[PDB]
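*Asks:* Quick one: the structure is below, and I'll ask about it shortly.
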Amino acid sequence: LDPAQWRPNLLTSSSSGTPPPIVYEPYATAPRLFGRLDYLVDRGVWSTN
Amino acid sequence: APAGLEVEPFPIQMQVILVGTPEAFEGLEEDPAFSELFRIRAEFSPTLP
């Protein structure tokens, strides 16, 4: 059981209330709206978690 | 590349000086963002006195 596929991912912490989390995305491509999914390569084996 | 580098963007201190024929800018001046970003228009008179 690898401890890499079974850990929570820190997306964003709370903004401590005021001011509200305001994100402006002038360049609204899908990678910048919905986020990215990277792959680590060890011994040439493409893995993602 | 499987995993990229999230290059955080850097402040811009340069000044941009576009050079082109009037009809080249005629296809660029129809964009409202072009008006706000390039304010100084240097006219080269085709003839001198």
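Order determines the names: the first chain of the structure tokens is A, the second B, and so forth; residues in each chain are numbered 1 upward, and ligands are numbered 1 upward as they are shown.
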Can you build me a table of chain B residues sitting at most 12 Å from chain A, with the closest atom pair per residue and its distance in Å to one decimal, using only C-alpha atoms, sorted by chain and residue number, as JSON lines?

*Replies:*
{"residue": "B:1", "atom": "CA", "partner": "A:39", "partner_atom": "CA", "distance": 8.7}
{"residue": "B:2", "atom": "CA", "partner": "A:39", "partner_atom": "CA", "distance": 4.9}
{"residue": "B:3", "atom": "CA", "partner": "A:38", "partner_atom": "CA", "distance": 4.6}
{"residue": "B:4", "atom": "CA", "partner": "A:38", "partner_atom": "CA", "distance": 7.1}
{"residue": "B:5", "atom": "CA", "partner": "A:38", "partner_atom": "CA", "distance": 9.9}
{"residue": "B:6", "atom": "CA", "partner": "A:36", "partner_atom": "CA", "distance": 10.0}

*Asks:* So that I can see what lies close to residue 34 of chain A, please list as number ranges by chain the residues with an atom at most 12 Å from it, counting only C-alpha atoms and leaving out residues fewer than 6 positions away in the same chain.

*Replies:* A: 11, 25, 28

*Asks:* Write out as a list in words all residues of chain A that DSSP puts in strand (DSSP E) for this structure's backbone.

*Replies:*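 Across chain A, those assigned strand (DSSP E) are residues 40, 41, 42, 45, 46 and 47 of chain A.
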
*Asks:* Identify all residues of segment 4-49 of chain B in helix (DSSP H, G or I) (DSSP on the backbone) and supply them as a compact mmCIF listing (two decimals) with N, CA and C atoms, in the first residue's frame.

*Replies:*
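Everything below was put into selection-v4.txt:
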# COMPACT_ATOMS: atom_id res chain seq x y z
N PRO B 22 -0.51 50.91 -42.03
CA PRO B 22 -1.84 51.26 -41.53
C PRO B 22 -2.89 50.17 -41.65
N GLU B 23 -2.92 49.42 -42.76
CA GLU B 23 -3.92 48.36 -42.85
C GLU B 23 -3.61 47.20 -41.91
N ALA B 24 -2.34 47.00 -41.54
CA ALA B 24 -2.04 45.98 -40.54
C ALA B 24 -2.69 46.31 -39.21
N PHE B 25 -2.64 47.57 -38.79
CA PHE B 25 -3.30 47.99 -37.56
C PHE B 25 -4.80 48.12 -37.74
N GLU B 26 -5.28 48.30 -38.97
CA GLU B 26 -6.72 48.35 -39.19
C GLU B 26 -7.38 47.03 -38.82
N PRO B 32 -11.27 46.18 -29.08
CA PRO B 32 -11.31 47.24 -28.05
C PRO B 32 -10.15 47.18 -27.07
N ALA B 33 -9.57 46.01 -26.84
CA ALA B 33 -8.42 45.93 -25.94
C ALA B 33 -7.19 46.61 -26.54
N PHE B 34 -7.06 46.59 -27.86
CA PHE B 34 -5.91 47.24 -28.49
C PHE B 34 -5.93 48.74 -28.23
N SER B 35 -7.11 49.34 -28.28
CA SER B 35 -7.21 50.80 -28.01
C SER B 35 -6.68 51.10 -26.61
N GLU B 36 -7.17 50.38 -25.60
CA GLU B 36 -6.78 50.67 -24.19
C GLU B 36 -5.29 50.41 -23.96
N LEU B 37 -4.72 49.39 -24.60
CA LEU B 37 -3.31 49.00 -24.31
C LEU B 37 -2.31 49.85 -25.11

*Asks:* Interatomic distance between atom CA of residue 13 of chain B and atom CA of residue 42 of chain B?

*Replies:*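 It comes out at 21.1 Å.
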
*Asks:* Distance atom CA of residue 31 of chain B-atom CA of residue 23 of chain A, one decimal place?

*Replies:*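 Taking atom CA of residue 31 of chain B and atom CA of residue 23 of chain A, their separation equals 25.0 Å.
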
*Asks:* Could you check how far atom CA of residue 27 of chain B sits from atom CA of residue 39 of chain B, in Å to one decimal?

*Replies:* 16.3 Å

*Asks:* My list of candidates is B:16, B:21, B:8, B:29. Which is closest to residue 45 of chain B when distances are computed with only C-alpha atoms?

*Replies:*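 For residue 45 of chain B, the nearest of the given residues is B:21.
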